[PDB]
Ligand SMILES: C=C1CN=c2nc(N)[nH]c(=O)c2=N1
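Only one chain is given next, in C-alpha cells, and it is the form solved without the named molecule.
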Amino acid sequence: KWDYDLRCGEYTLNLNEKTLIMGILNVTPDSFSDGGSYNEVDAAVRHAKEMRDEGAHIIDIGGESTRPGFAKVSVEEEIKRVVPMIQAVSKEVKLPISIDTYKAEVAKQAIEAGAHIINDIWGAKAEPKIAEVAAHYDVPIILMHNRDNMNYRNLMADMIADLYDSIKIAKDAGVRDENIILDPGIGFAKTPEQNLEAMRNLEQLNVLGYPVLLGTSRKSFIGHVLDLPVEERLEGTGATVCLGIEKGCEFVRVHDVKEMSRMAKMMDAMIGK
C-alpha cells in the first residue's frame, strides 16, 4: 500500500500496519497565569499518559487559538501556553507530538520544544510560512480542508481543488510528498448535510496520492443527526471512524482513545489492513 513510513525524529509511524490513532489534548488554561503552571501542565501530562495507555500513537496538542475555542490570542501568549505543555509531554510520554496550529511561529517554537508534526486547520492558507517551517524542520504536515465560506459549486470537486491549493503551497515551500498528510476538515465550512456528503464520498480524497487523517470526534454534525449533546456522541463518532477506515483513512483524530482504538482495530482486521 504505502511504500514509505512517516518519519518523526526518534519515532517512526508505519502506514500499512494499522489505522493510526491521534489522541486529542486540549489545554485547560489556569486562570492567573499565561502558561507553564503546575496544574495546567500536569493535567496535560496525565491526560497524555492516559491516552498512551489506551492506545494512542500520536498526541495532538492545541493551545487557545485553535479549536474548539478559537480565542483571539497573540502568538507570544499562545507560545507561553503551548511550549511548556510540549516540553513536559515529550519528555514524559514516548510518542510523537503534533502541534495544532495555523500560525507559523507557533509551529516553529512547538517543534523546537519537541513537537514532531504540524497539524494545520487552514492548510497553510492562513499563514503560508507554516509550510516553510515544515520544510526546514523536515516534519510531516497535515493540511486540513477549510474555507471562510460554504458557497460550494460541487462539494467534493471543490474540496479536492482546495486541498490541491494547499499541497501546492506546501510543495512550493520545499515540503516533500512524504511529509504531506491531508484532512477533509469535517465540521469546518460545511453545513450538516455537506459534512455527511463528504463522509459518504471520502474515498475521493485518495486520488491525490497522500495519507488522509479523519477528524470527526464529537462534532456538531453528529449531534445534528442523533440530536444528542457533546458528551453522548461516542457511538456517532464511532460510526464516522469506521466509515473512514473503510474508505482508506490512515489516521483518526479522536477524544476517546480507548473506545475508538478498539473500533479501529476491529475495522483493520475486517478490511485486511
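Numbers follow the displayed sequence, beginning with 1. The term rigid core refers to the most C-alpha atoms you can superpose between the two forms while keeping them within 1.5 Å. Shifts are known only where both forms have a C-alpha.
*asked:* Among other entries of this protein with both neighbours modelled, does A134 go without coordinates in a third or more of them?
replied: In all of the other entries, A134 has coordinates.
_Does the comparison with other PDB entries of this protein show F70 lacking coordinates in a third or more of them, where both adjacent residues are built?_
Other entries vs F70: at least a third skip it.
*Averaging the C-alpha B factors as listed in the entry, name the stretch that ends up higher: 66 to 74 or 50 to 58.*
Looking at the recorded C-alpha B-factors, 66 to 74 comes out higher on average.
*Take the C-alpha B-factors listed in the entry for 164 to 172 and for 148 to 156, compute each mean, and give the stretch with the larger one.*
Per the PDB record, 148 to 156.
*From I117, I181, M199, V82, can you pick the one with the highest C-alpha B factor in the entry?*
Max CA B-factor in the entry, restricted to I117, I181, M199, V82: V82.
*asked:* For the CA B factor values reported in this entry, which option in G244, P211, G236, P229 has the top one?
replied: Highest C-alpha B-factor among the listed residues goes to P229.
*Chain thirds of CA B-factor: placement of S98*: Ranked within chain, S98 CA B lands in the lowest tercile.
*Going by the recorded CA B-factors, say which third of the chain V207 sits in, lowest, middle or highest.*
Bottom third by C-alpha B-factor.
*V106, C-alpha B-factor rank within chain (lowest, middle or highest third)*: For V106, the deposited C-alpha B-factor lands in the highest third.
_For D256, the third of its chain into which the C-alpha B factor falls_ = As the PDB entry reports it, the C-alpha B-factor of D256 lands in the middle third of its chain.
*asked:* Is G185 in the lowest, middle or highest third of its chain when residues are ranked by C-alpha B-factor?
replied: Bottom third by C-alpha B-factor.
Just so you know, the form deposited with the named molecule bound exists too; it's not on screen, but the next bit is about it.
*Using a 4.5 Å cut on heavy atoms, which of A44, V241, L213, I59 is close to the named molecule in the bound PDB entry?*
By the 4.5 Å criterion, the partner-contacting residue is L213.
*Can you pick the one in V89, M159, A107, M144 that has a heavy atom within 4.5 Å of the named molecule in the bound PDB entry?*
The residue in contact is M144.
*Please check if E78 has a heavy atom lying within 4.5 Å of any heavy atom of the named molecule in the bound PDB entry.*
No, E78 is distant from the partner.
*Please run the contact check for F188 against the named molecule in the bound PDB entry: heavy atoms, 4.5 angstroms, yes or no?*
The answer is yes: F188 has a heavy atom within 4.5 Å of the named molecule.
*Interface membership of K247, the named molecule in the bound PDB entry, 4.5 Å heavy atom rule*: Although the named molecule is absent here, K247 would stay clear of it in the bound PDB entry, with no heavy atoms inside 4.5 Å.
*Mark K219 yes when one of its heavy atoms lies within 4.5 Å of a heavy atom of the named molecule in the bound PDB entry, and no otherwise.*
Flag for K219 set to yes.
*Which among 168 to 176, 79 to 87, 136 to 144, 197 to 205 is in contact with the named molecule in the bound PDB entry, heavy atoms within 4.5 angstroms?*
The contacting stretch here is 136 to 144.
*Rigid-core-referenced C-alpha movement of 2 Å or more between this form and the one not shown, selected from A161, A126, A71, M150*: The displaced C-alpha is that of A71.
*Given that the CA-CA distance for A71 and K190 shifts by 3 Å or more in the bound PDB entry, does it become closer or farther?*
The answer is farther, because the C-alphas of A71 and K190 separate from each other in the bound PDB entry by 3 Å or more.
_in the bound PDB entry, the Cα separation between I24 and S65 changes by 3 Å or more relative to the shown form; did it shrink or grow?_
Relative to the displayed form, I24 and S65 draw closer in the bound PDB entry - a change of at least 3 Å between their C-alphas.
*For a shift of 2 angstroms or more at every C-alpha, which runs of three or more consecutive residues qualify between this form and the one not shown, with the core superposed?*
After superposing the rigid core, the shifted stretches between this form and the one not shown are 28 to 32, 64 to 73.
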